[PDB]
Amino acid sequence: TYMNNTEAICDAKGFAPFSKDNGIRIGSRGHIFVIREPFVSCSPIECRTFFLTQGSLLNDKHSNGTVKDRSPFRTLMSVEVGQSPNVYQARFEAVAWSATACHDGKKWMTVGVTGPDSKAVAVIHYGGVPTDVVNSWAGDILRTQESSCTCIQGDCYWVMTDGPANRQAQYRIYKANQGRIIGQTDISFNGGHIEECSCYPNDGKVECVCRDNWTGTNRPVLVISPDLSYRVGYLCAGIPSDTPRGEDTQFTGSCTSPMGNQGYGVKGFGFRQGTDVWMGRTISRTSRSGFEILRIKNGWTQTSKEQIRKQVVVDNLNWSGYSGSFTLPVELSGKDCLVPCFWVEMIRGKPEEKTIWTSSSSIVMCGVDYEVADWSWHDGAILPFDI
């Protein structure tokens, strides 16, 4: 039975801790992969944490980290949400140095991209077996969400980018059923730049808040119809949520176009709340440290800078990183709307650390109809390690 993810995103006042893996603390003595991008997606029965590994373990010479991001050993695997990415619990998912995964109600579909920059291949997996493929269409590091993809009534949608990391690149929407690609679209966005989309379902369409690594410190937004017709632009709120970025004051709200001089960014997320938006951002405007989440009134649809809520989850004395969106299956939340959730990656080691290695632990938050107090559920690991 397929998942109906046609409902509205629940209107949440605040966010409660879902899980914490303590991966890096644990891996000081145990056998934990050195990972990145601990993103989360849910089947109708359980949620899982997907992650990329370098095939190495914490506290081992192979965590040496001079190793390349897009290496032949990079792989997507997964554990149950909250469990650390240890070797024993781990489920192999795909050969990938960039990935997205989502479950459609029947089986999991994942997408690993691997091979060479000039002609990468992205393998689609369905039920733990390759079913289809996409080749670099522009010859420049083909890549995708690094966050849950989105399944609406049996068909799954995700977004990919093939092109330069700075200047103008190319962007497409893909649509699969049972692991077979059945539709695709080019996304026109001159001046605009899209990467590492954080997507969720809403009112029967797919909404993403992505990353502009070229020109904007506000985040791109697109909204995908099931016919692959789409709207695209920026998150209207007059508050910048990329990293790095400038003061909110020094700031302009653009539904239309990138806003700040800054290049570069980090993966982030945001949830549409009617007209308001829950936006996430690092606390530091310059480094990936601390993590908070602001609610802005009419932020989805206007250049608003009216904060209704500020909720800290990682304090600014602590490292954060990537963040992403995902929804709770109705068939678990019990609710009648789609409970919005998100994960926060917390990175330790290089570059900000004395260590030969770099990994991250995660922490997951969900929905909830109440204000939740500010706290920091930071990583915790005592660096450096035996090495």
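When you see a residue number, it is the position in the sequence shown, counting from 1.
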Tell me which stretch has the larger mean Cα B-factor in this entry, 204 to 212 or 80 to 88.
204 to 212
I need to verify one thing: averaged over C-alpha atoms only, is the B-factor higher for 19 to 27 or for 5 to 13?
5 to 13
Out of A99, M279, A138, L228, which one has a C-alpha B factor higher than all the others in the entry?
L228
Of the residues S361, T66, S323, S43, the one carrying the largest Cα B-factor as recorded
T66
Place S188 in the lowest, middle or highest third of its chain's C-alpha B-factors, as listed in the PDB entry.
middle
Within this chain, which third does the Cα B-factor at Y234 fall in: lowest, middle or highest?
middle
So where's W343 on the chain's Cα temperature factor ranking, which third?
lowest
By the record's CA B-factor, is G154 among the lowest, middle or highest third of residues in the chain?
highest
Which third, lowest, middle or highest, does the C-alpha temperature factor of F50 belong to within its own chain?
lowest
